[PDB]
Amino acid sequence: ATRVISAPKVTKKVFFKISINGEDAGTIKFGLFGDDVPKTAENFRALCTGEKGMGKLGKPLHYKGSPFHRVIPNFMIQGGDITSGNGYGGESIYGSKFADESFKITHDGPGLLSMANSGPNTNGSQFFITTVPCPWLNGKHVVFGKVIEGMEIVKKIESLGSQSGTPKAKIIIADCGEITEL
């Protein structure tokens, strides 16, 4: 026992490489709460690596190339639309939208990964990262990870958003994958 954590255990690590209008913006690192929400964390991890290949909607189950389509200053940045890329698409690794796995982990602070949805049990590939505490989202959105490195880049992406959410630059997951070197 090494740390005395006030927070869920990080059981898997993954990353995004961010491009803004074609230019590199750096890397964001995430750790996922695999012991708490293992089905949601596995979905996000396989979408990072792309290992499941082609989804039923005719585009890769891979976050690579997907944009951040809604960036709302002092709220959150939202991406993960891997089918149509317009903010209405997406697809999980489970051949269908899957159910809310747990609501125990709450949106207490900036930096948390959580799933976007359109109702109960409609999780897909779309996710969002908090930049403020969002306790009104508790019970509606499954939290399943957190930024562990590169929050400065999250903030950079934030600073490009609007009150409407339409961002002021094309913000792209240039590359992504699982951190496998320890």
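Residue numbers run from 1 along the displayed sequence.
As recorded in the PDB entry, 22-30 is the stretch of 112-120 and 22-30 with the greater mean C-alpha temperature factor. Here the stretch with the larger average CA B-factor, out of 152-160 and 121-129, is 152-160. Among the modelled residues of its chain, residue 78 has a C-alpha B-factor that falls in the lowest third, as given in the PDB entry. When the modelled residues of the chain are ordered by C-alpha B-factor, residue 14 sits in the middle third. In the deposited entry, the Cα temperature factor of residue 40 sits in the top third of values across the chain's modelled residues. Residue 146: CA B factor lies in the lowest third for its chain, per the PDB record. Compared with the other modelled residues of the chain, the Cα B-factor recorded for residue 139 ranks in the middle third.
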